[PDB]
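Given as structure tokens, the chain that follows is alone and in the form deposited in one PDB entry.
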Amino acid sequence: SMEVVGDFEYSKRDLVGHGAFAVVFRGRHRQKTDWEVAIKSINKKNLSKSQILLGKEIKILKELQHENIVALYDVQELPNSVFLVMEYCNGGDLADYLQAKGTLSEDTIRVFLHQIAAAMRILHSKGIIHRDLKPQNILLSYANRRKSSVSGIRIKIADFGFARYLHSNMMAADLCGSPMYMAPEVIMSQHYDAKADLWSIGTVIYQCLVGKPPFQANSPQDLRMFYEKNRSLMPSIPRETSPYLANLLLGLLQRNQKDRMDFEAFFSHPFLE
């Protein structure tokens, strides 16, 4: 028995991901049954009862068409739910890949990072920050399942439910009428978390190289305590790390935004050249 979602369907057995307000299944087109898709169901009702915002995943994915970002094929709205029918990544996530491979060569890291960079370029041009990049939403796709070496891997960024537009506060002000009462830091907020994704990518590269994240703690509150109590974070970089990768990690893993590497510097960095 299959659940039908417009022109698509899925089995409840083929769960590939979940979060607090969403589940994602492998499915397929009902007629072209070789066309595999990912079907995400978002619980709008539960979300409406929570402090966590609904977000703009549909608009953001609709606006992006890029080979390193999951495509959106269709949307079905219900009163309490919304379904997004998206590109299926047949290789799973980067966490699964690390589980199998342990740590990756620098050359593999470079190949992946080039694709991540290409995605970050389109996000940057559109003023979109993802804000939740991690191994679990950096996905692997094999266009030909026979060519399953590193060169056969295409990387695709997914799960944009936490993503935001940098210009949204300035757009709100334009629409509100008089902005003369709004706090300066609200008017100027574009310039605060603009480099959040660069830190994340830092932590992911680190984990690829070393086999754990650069900074671990018991719980989320404990890690928050750590970042708060240590204002100059030094990542522990293995001494055998190449000069350029060491340099790239040090520039990405700056606790303070203002010290962190710029996007133009990231995209130009010699590790990537």
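We call the rigid core the largest set of C-alpha positions that still match within 1.5 Å between the two forms. Residue indices: 1-based, along the sequence shown.
What follows is about the form deposited in another entry, which we do not show.
*Asks:* Using a core superposition, identify the member of 150, 188, 75, 95 whose Cα displacement between the shown form and the other one reaches 2 Å or more.
*Replies:* With the rigid core fitted, the residue that moves is 188.
*Asks:* Please state whether residue 169 has a C-alpha shift of 2 Å or more between the shown form and the other one, with the rigid core used for the fit.
*Replies:* Yes: residue 169 shifts by at least 2 Å between the shown form and the other one.
*Asks:* For residue 214, decide whether the Cα shift between the shown form and the other one is 2 Å or greater, given a superposition on the rigid core.
*Replies:* After core superposition, the displacement of the residue 214 C-alpha between the shown form and the other one stays below 2 Å, so no.
*Asks:* Using the core for the fit, does the CA position of residue 242 change by 2 Å or more between the shown form and the other one?
*Replies:* After core superposition, the displacement of the residue 242 C-alpha between the shown form and the other one stays below 2 Å, so no.
*Asks:* With a change of at least 3 Å, which way does the C-alpha separation between residue 58 and residue 52 go in the other entry: closer or farther?
*Replies:* Closer together, which means the C-alphas of residue 58 and residue 52 are at least 3 Å nearer in the other entry.
*Asks:* Considering a change of 3 Å or more, are the Cα atoms of residue 55 and residue 58 closer or farther in the other entry than here?
*Replies:* Relative to the displayed form, residue 55 and residue 58 draw closer in the other entry - a change of at least 3 Å between their C-alphas.
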